[PDB]
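A.B. asks: Chains as they are written, first to last, in the deposited numbering: chain A, 392 to 440; chain B, 352 to 440; chain C, 294 to 342; chain D, -1 to 97; chain E, 30 to 1140; chain F, 4 to 56. Even for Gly, the Cβ is constructed at its ideal location relative to N, Cα and C.
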Amino acid sequence: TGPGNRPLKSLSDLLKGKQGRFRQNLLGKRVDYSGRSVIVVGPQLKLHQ
Amino acid sequence: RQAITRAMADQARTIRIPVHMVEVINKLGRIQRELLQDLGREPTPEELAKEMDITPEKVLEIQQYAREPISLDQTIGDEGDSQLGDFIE
Amino acid sequence: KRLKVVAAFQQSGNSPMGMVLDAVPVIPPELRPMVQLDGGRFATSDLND
Amino acid sequence: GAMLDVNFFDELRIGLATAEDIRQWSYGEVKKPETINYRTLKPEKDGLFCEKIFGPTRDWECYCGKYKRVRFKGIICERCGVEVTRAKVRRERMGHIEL
Amino acid sequence: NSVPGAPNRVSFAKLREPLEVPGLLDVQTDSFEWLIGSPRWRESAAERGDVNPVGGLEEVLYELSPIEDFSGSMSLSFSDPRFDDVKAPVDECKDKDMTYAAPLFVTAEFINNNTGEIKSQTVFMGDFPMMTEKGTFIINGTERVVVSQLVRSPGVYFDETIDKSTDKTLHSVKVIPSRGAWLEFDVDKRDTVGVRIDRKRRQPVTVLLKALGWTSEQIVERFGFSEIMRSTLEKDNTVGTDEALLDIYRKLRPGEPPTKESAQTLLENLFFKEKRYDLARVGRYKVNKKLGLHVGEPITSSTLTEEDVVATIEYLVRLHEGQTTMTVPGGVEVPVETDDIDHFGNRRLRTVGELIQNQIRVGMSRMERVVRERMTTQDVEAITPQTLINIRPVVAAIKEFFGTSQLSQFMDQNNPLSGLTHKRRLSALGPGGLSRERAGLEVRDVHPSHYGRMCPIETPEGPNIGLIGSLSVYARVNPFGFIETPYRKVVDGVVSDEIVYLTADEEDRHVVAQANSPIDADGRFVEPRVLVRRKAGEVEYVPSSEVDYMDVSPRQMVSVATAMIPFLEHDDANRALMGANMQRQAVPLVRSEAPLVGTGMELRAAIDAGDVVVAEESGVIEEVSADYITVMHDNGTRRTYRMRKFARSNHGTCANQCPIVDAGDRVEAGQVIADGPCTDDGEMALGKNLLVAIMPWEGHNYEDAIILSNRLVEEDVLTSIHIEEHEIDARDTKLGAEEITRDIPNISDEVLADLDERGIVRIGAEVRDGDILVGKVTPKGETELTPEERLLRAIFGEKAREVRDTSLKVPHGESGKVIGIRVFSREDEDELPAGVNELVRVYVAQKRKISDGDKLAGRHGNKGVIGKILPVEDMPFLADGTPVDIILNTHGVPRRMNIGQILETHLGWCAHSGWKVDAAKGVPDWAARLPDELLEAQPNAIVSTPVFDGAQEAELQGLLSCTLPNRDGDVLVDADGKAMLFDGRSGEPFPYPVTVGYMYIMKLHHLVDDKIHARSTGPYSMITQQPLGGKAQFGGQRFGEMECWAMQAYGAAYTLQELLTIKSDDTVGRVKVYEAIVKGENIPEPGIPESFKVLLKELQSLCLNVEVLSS
Amino acid sequence: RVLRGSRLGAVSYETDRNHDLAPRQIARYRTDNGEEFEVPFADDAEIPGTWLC
Ligand SMILES: C/C=C/C/C=C(\C)[C@H](O)CC/C(C)=C/C=C(C)/C(O)=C1/C(=O)C=C([C@H](C)CC/C=C/NC(=O)OC)OC1=O
Ligand SMILES: [Zn+2]
């Protein structure tokens, strides 16, 4: 442990995927060219818009 | 005791500091705690400087030398899924 | 259950002598950096300790 | 083995790594638990950031500074002791610890 | 009534509630002044028994004194904690970041036994925080709120989980104290006992009883009926006390040579020596009440007793025999029964006083083991208590509590109601309490003892349902940490007024009536049979002879927020929950209109929010302004209330207070004298009153969306101010010193036009994304130039300017005026963190209009992002040309069971147009039991239907049938409550009448501008080479595993390779792609990702030979 | 709010000229346990006798 009694994070824990006994989510890479927002219904659009 | 304090000087910081700088920093620490108990508040830079016969310029330099690195693997969010390393441009 | 690992070492061209570690390797310095936040503070990688 | 990692991966084989390989990857026994000179903020010799082993922290620049251009590459300043080359070999090279 | 500055809000309530709503912040303020020992508490305790009142600090010191060395030759003792006045007043604390505190002085005392002396001083104990008048701690200038917490009260607990594999009932027990070691007294599958002590996995009870100082004959004697006891005592296979003592020992800890004589102390030192085992005063009270041991004497000596252990075991065996009552020797017989660890008779409430006392205790322990530590290293006949006492652990413990502790939260103040409701919060999660995942589905449920104590409706709808509650309106915390509740004790069917605060347990013993019971105007009931709440929460009809406690008034089972939902009893608990959680998220508008329809709570819970300047002592206004009011009291002395004008809240919302009186008026004490953020004339007002239809108009209001009139945007009916706090500092670097000034590296003069002569912007200058809010420059040193750069510098003849440019440019997508600048300086002697010289903060403000994407939502949970802001002309208008403000959808009404919105809509139209019940020939039948002074009601007249006692549906129809016309002969709303809206766009009328009405809708704090975000190339993480994360920086949205699955299921390979290689990790791929786009070439083929290479070196670091093989 | 760091090393970005390079010798050193290691030194440089290979 270090300060705050948090166990030091060794090499066995730095493996990125590293599923333990229970299968948790990967959650990925944070791509660029991205962006979110809130949506609103667009009833004048065509289906492919 | 001399061996153990030597060891605590050498092998106790991630960025090693020679022994004499550790002695001056520990003198600074003693003077800060005792002057805290006495003044009732944590003393000032110039106050500690005048107290240790050094410059109030130099005291800040010693304080900067005496700052230990904070780990890059402390989960920043209370919801712990983001290492602190994931937030350094 | 023993034959499992035994045939594992036999069949392959390995040798169980590799299990006892004689020389530890050191991960490259960049994968365990010591970056400084602006303002003198340092941020190690917790493997340096 | 194709370590240069360009588009060709027909297999990716694992295997328990003996000492004869572990000390064959490494580019120098690190033998001082020193991280950075507290004041100059350069890596310590034989430390866990030793430029002599892991590589140069500055693109095409030795440690003593006696070489500072691409025209001197692949060579090693015989006084400081660093392969004057790109500053991302600190991302690839490894060191070992003779127990 | 009963509040002098009240607006006359007529009310439909049929009942006359005896008790008035309590001092809504008592749960905070009384707890803290307990912990202090203020004279207010000092008298309040005496007002109800309280044999010995002891302040929290007093209790901590009286459990610390004395401090004695191993020798016991010298003694240290504390006493008399006294607070001097605070060191900085509240506003200045909040300004300069000073944590509003006050010093502790503690009259220590050192006594040497061998020779005999006293070393009595007045020690300084440390700057102690101090609750403000609003029950909120200010910390470092921020304003925090310690949250009340729930835990299982330490006591004796009893359960029997049936082993169907055996078909036997397995009773058990856990004596869990506040601190110490557990112990269970099971009854195994086999007909024996299980006596696991301190988690040591196995024991028969007879072993413990023998170790306790019993013989086998003594145990046979004391256990006469005890069948399983005598059985185990026959298979106990261990005789002689010492004989087990060693059993116990040996297993007490493995690997130790026992001293059979000496380990006796270890036992009498786990459960009895009152320094390492202390179920607190709560625990002792609980045990003595469960076993009826010390029934009539004061509680103390919190450690267990052999009588306690024997009584527990005997009661356990009688429980696993089938019994009704056990009569311990010397104790009143008490009912034999198992306990429920969720029932509020066992789930106490560590209020803020309790929490702070725990932290001071955990600090004083460290201080104790430095006192007794240096108690001997120092030389005797020379020490002073000042040299013994070290306060640093205490001060560190406190300071690390208030900051950085999941019960010390930022005061969630984005309106007075949220400020009020973060206080009065019960959170079962926290240190000591159970965590989230470890907490099963059981505790989330609503045990029927929560009635009247913890509101079953209000709770966070996220993944914390049940783990965060708010208190009922009338509840009150038991001095032990239980949640008492008021009742009206009734005798002989004669409802008295002797208001009794029944706790969580004694409610079960009784039978509890209902508030809406037909009292016969004297305390006599009317009907013979009455509903009642029996012990386990079952409902029955008892005749009016058993009923001994009736509810103080309805809406007793409902929290502060949920009491403010009109027509609550019509909505389903789902949407009512969502409403009570979205009603704490409205943002304080610039205009702050009060609602046509409400409950009673809009006023009382608005002066209790704190954010309404209240006339202290009754007097006369002497002079006003938009900044201060000077009330001349009746006798001489005056007072000037300083308005908070545009203070940034903790979430970016304005906090104006404009005064609402005139220079000649006369205010009574306790009166509202200055509106707050969301108060209108004192009462709550979290939104506006907007004419609403209920038709689905042109698909834009599709599936919870909303269309709006543009009138909202023109007349600023929905318009929030926002005030963001930007902050940069000038640090001391190794190379030099950072410097704030107009001197900047290569830069135009236009972008440095708004700055003043010394860096910081000019107060008032409008800014936009990319402006220089604080011109700040730092040295850079030297770098070997690029020779092309050197040629350009030559051809233009510019210098190097080795100072690098790190100025405070306003972040992306922010604008608006610069309200004010607050600048600090090390030179000006103001304190700052080390290595800092000049800390400048630039308060910026912007007046966000409403806009599509924003999240409006009624009071009934019915929410939805604004869909489209129609122009005013193409909005379905009434017959008077009056447009409609918003247009909800019908398909959201039925399947959500929130017809509260419809009933509110009709009652709002009645409250608007004003009605006049034609009492020409007597009074109409529906209005037989309406209150008087509701026969006629003026236009725009507010009303109020309190929660579970409000307008009945019949009353609504009856009002609505007579709804007096507007200006022409025009009753725009037919008796059904609808109208013939004319289409604004096409022109024809709609073929069927549509509902209209005034529905009170808030503006939730999920504005678009706080959400929208985009990135094309931004910063990059240091450790991993990925884009950075979150809207704080640019960052890019996560691309998890589920999206990888989706884009594979499509079979899109190249897009997946893109998203995982040359948008996240291909380090040389990024610049190549950016070049390819900018020049118009072809996007190159992506290289190996970066995370793979890092993973490869980590695996090779684990001594795992990993090696690519080409062929 | 942003917090940026920086490794203590500059980033010079010329082009990786593969042709015009300062010529350099090769000195093969031997450790004690019969190991041969090779070191490209600059031409004009006293090839040091010992070396931490
Ligand atoms: C060098 C590999 C050694 C063995 C693998 C180990 C020890 C890993 O522990 C498990 C594999 C793994 C996880 C590595 C994660 C890495 C390298 C990393 O940083 C990520 C990442 O965290 C996520 C992703 C993708 C977004 C994951 C998408 C998965 C899709 N699966 C699918 O398509 O369904 C069939 O890529 C990465 O390179
Ligand atoms: Zn060099």
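1. Could you please give the first and the last residue of the uninterrupted beta strand (DSSP E) stretch that includes C:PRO318?
2. Within 6 Å: the Cβ of D:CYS62 and any heavy atom of ligand 2?
3. Against D:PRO54, what residues of chain B qualify as contacts under a CB-to-CB distance less than 8 Å, listed in chain order?
4. Using only alpha-carbon positions, find the residue among E:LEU907, E:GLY882 and E:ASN545 that is nearest to E:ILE898.
5. Quick one: using the 10 Å Cβ neighbour count with 16 as the cut-off for buried, is E:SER1093 buried or exposed?
6. Could you give the first and the last residue of the continuous alpha helix (DSSP H) run that contains E:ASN610?
7. Is there a Cβ from chain C that is less than 7 Å from the Cβ of F:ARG20?
8. Between which two residues does the beta strand (DSSP E) holding E:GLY893 run?
9. What in chain F is Cβ-close to B:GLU440, meaning under 8 Å?
10. Since I believe D:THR55 is in contact with F:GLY8 (beta carbons under 8 Å), could you give me their beta-carbon distance rounded to a whole number of angstroms?
11. In terms of DSSP beta bridges, what is E:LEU133 paired with?
12. Say yes only if the C-beta of residue 107 of chain D is nearer than 6 Å to one or more non-hydrogen atoms of ligand 2, and no if none qualify.
13. Given the structure, does E:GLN686 come close to ligand 1, in the sense that its CB is under 6 Å from one of the ligand's heavy atoms?
14. Buried or exposed: which applies to E:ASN918, given that a residue is buried once 16 or more other Cβ atoms fall within 10 Å of its Cβ?
15. So with Cβ pairs under 7 Å, would you call F:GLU39 a contact of chain D?
16. Compute every distance between the C-beta of E:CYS484 and the non-hydrogen atoms of ligand 1, then say whether any falls below 6 Å.
17. Could you name the residues that DSSP lists as bridge partners for E:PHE906?
18. Say whether chain D places a C-beta atom closer than 7 Å to the C-beta of B:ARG352.
19. Using a Cβ-Cβ cut-off of 7 Å, state whether residue 383 of chain A counts as contacting chain C.
20. Just the C-alpha distance for E:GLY705 and E:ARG671, rounded to the nearest angstrom, thanks.
21. Just list the residues that DSSP pairs C:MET312 with in beta bridges.
22. Quick one: is the Cβ of E:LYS1122 within less than 6 Å of any heavy atom of ligand 1?
23. I'd like the ranges of any alpha helix (DSSP H) spanning at least 4 consecutive residues and lying wholly in the region 40 to 97 of chain D.
24. Could one say the Cβ of E:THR413 lies closer than 7 Å to chain F's Cβ atoms, at least one of them?
25. Can you find a heavy atom of ligand 2 that lies under 6 Å from the Cβ of D:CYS75?
26. Quick one, which of E:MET393, E:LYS197, E:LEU1131 and E:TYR530 has its alpha-carbon nearest C:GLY311's?
27. Give a yes or no on contact between the region 765 to 785 of chain E and the region 802 to 812 of chain E, applying the rule of three or more CB pairs nearer than 8 Å.
28. Using a C-beta to C-beta distance shorter than 8 Å, which residues of chain A count as neighbours of E:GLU727?
29. Thinking E:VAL972 and E:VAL39 are a contact (beta carbons under 8 Å), I'd like their distance in whole angstroms, please.
30. Spell out whether any CB of chain D is found under 7 Å from the CB atom of C:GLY332.
31. Answer yes or no: the CB of A:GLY408 versus the heavy atoms of ligand 4, is any distance below 6 Å?
32. Can you check whether the CB of E:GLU487 is closer than 7 Å to the CB of E:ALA609?
33. In the DSSP assignment, find the unbroken alpha helix (DSSP H) run with B:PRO407 in it and report its ends.
34. Contact between the region 1036 to 1044 of chain E and the region 1058 to 1073 of chain E is defined here as three or more beta-carbon pairs at a separation below 8 Å; is this criterion met?
35. Check whether the region 166 to 174 of chain E touches the region 435 to 447 of chain E, counting contact only when three or more Cβ pairs, one atom from each stretch, lie closer than 8 Å.
36. Are at least three pairs of beta-carbons, each pair with one atom in the region 365 to 375 of chain B and one in the region 34 to 41 of chain D, less than 8 Å apart?
C.D. replies: If we stick to the structure as given:
1. 316 to 319
2. yes
3. In chain order: nothing, as chain B lies at least about 20 Å away.
4. E:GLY882
5. buried
6. 602 to 611
7. No, F:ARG20 lies away from the interface with chain C (no Cβ there is under 7 Å from its Cβ).
8. 892 to 898
9. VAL5, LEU6, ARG7 and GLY8
10. F:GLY8 to D:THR55, Cβ: 14 Å. No contact.
11. E:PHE112 and E:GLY155
12. An answer regarding residue 107 of chain D cannot be provided, because it is not within the stretch -1 to 97 covered by chain D.
13. Set against 6 Å, the gap from the CB of E:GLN686 to the closest heavy atom of ligand 1 is not smaller.
14. buried
15. no
16. no
17. E:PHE1011
18. Any Cβ of chain D closer than 7 Å to the Cβ of B:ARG352 would place that residue at the interface, and such an atom is absent.
19. A query on residue 383 of chain A cannot be resolved here, the shown segment of chain A reaching from 392 to 440 and no further.
20. 13 Å
21. Answer is none; C:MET312 lacks a bridge partner.
22. no
23. 49 to 52
24. False, the Cβ-Cβ gap to chain F never drops below 7 Å.
25. yes
26. E:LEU1131
27. yes
28. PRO434
29. 5 Å
30. no
31. As presented, the structure is devoid of ligand 4, carrying ligand 1 and ligand 2 as its sole ligands.
32. Contact flag set, yes.
33. B:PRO407: member of the alpha helix (DSSP H) spanning 407 to 416, first to last residue.
34. yes
35. yes
36. yes
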